[PDB]
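We begin with a single chain expressed as structure tokens, specifically the form deposited in one PDB entry.
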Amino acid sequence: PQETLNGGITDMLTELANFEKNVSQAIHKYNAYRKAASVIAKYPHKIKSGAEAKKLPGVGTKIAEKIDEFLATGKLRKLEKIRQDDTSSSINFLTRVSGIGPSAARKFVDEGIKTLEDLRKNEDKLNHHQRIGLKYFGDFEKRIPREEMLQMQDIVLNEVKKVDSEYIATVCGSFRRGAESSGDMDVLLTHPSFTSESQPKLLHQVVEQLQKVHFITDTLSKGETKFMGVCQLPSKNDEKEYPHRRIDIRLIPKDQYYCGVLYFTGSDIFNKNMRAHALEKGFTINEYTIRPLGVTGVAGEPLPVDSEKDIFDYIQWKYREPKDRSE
């Protein structure tokens, strides 16, 4: 595919997607359009007919019709209607602020808060996460070029070991799959001292150190097992300050670690095939454990997992190195 073959169609379906998510608050109609929008992108021909697309899975009748209209006219009536009604547009803008969902945004626009300008006028009417989201509105929409992730992975891995020798940490997401760009940094942490049958100072002490290295600037949310905040790579006094980046850090028990690493490395399509393969061979996978399925469809106690490779060794698959996990 080329992101250029059917760009018009996928842009449209993605426009309709966020409209259902952010304005109409129909989150299943949002996923439907994305599903639709994402399988069209992977089609290696310029679509010529609505029906030609309906063949694909997740493109149904109404999406074919709007594709017919789009190729026939070059715009969507519905989409132009939406584009100019200004409630919809403003609600749509505001939900780009992290911490502003469809509910807050709708309420803001209700009382006439519709621009970033308006939001900083009223930073009192904003909770903490939203203020942070407002402060970094630009930086958060930016891509993180792989080469940055590398040097970031460096600071978090190196300084986590300056804390406890037995912590093990793994950046995941697209970055562990070899992707040239990442949207944020997702870290996965564990410690031998942390079981299912389980210190609550475990995730804190890493964030505490990572805050001394002047790496982590701001905290969106922090608890015993999930942290969500903002890091920034260091500028070498040469007047080019790196953009602030979104980082999460999960603390997971080691007996569920590599299931955590395997899930949160994905990819998404990859997982439903690995599950469904695993399901079709006596076992069942989730983020936490791999369990055997009896003749009844009833699952047993979770199997031991010491390496990510152990998962494939149960289900009789051969280890995929992450680079090849895009489906």
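What we label the rigid core is the largest C-alpha set whose atoms superpose within 1.5 Å from one form to the other. In this text, residue numbers run from 1 along the sequence as written. Only residues modelled in both forms are compared.
Modelled in this chain, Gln199 is nonetheless unresolved in at least one third of the other entries of the protein that span it on both sides. Unmodelled stretch separating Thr115 from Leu116: none (count of deposited-sequence residues without coordinates).
Of the two stretches examined, 283 to 291 and 25 to 33, the record assigns the greater average C-alpha temperature factor to 283 to 291. Comparing 229 to 237 with 131 to 139, the stretch with the higher mean C-alpha B-factor in the PDB entry is 229 to 237. Of the candidates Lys62, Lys48, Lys42, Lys54, the one whose C-alpha carries the top B factor in the deposited record is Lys42.
Out of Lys201, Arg120, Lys107, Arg77, it is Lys201 whose C-alpha atom has the highest B-factor in the PDB entry.
For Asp268, the recorded CA temperature factor ranks within the highest third of the chain's modelled residues. Residue-level temperature factors show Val156 in the middle third of its chain, judged at the C-alpha atom.
Sort the chain's modelled residues by C-alpha temperature factor and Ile67 lands in the lowest third, per the entry.
In this PDB entry, the Cα temperature factor of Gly7 sits in the middle third of its chain's modelled residues.
Ranked within its chain, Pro102 lands in the lowest third, by CA B factor from the PDB record.
As for the form deposited with a small molecule bound, it is not shown, yet the points below apply to it.
In the deposited bound form, the small molecule stays beyond 4.5 Å of every heavy atom belonging to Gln130. A residue is said to contact a partner when one of its heavy atoms sits within 4.5 Å of a partner heavy atom; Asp218 fails this definition for the small molecule in the deposited bound form, lying far away. Contact between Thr284 and the small molecule in the deposited bound form is not found at the 4.5 Å heavy atom cutoff. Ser267 belongs to the set of residues with a heavy atom inside 4.5 Å of the small molecule in the deposited bound form. With the partner removed from view, the residue among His204, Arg177, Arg106, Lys135 that has a non-hydrogen atom within 4.5 Å of the small molecule in the deposited bound form turns out to be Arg177. Taking a 4.5 Å heavy atom cutoff to the small molecule in the deposited bound form, the contact residue among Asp164, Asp139, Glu159, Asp186 is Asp186. Look at 258 to 266, 294 to 302, 41 to 49, 276 to 284: in the deposited bound form, residues with non-hydrogen atoms within 4.5 angstroms of the small molecule sit in 258 to 266. In sequence order, there is one run of three or more residues whose C-alphas all shift by 2 angstroms or more between this form and the one not shown, with the rigid core superposed, and it is 237 to 239.
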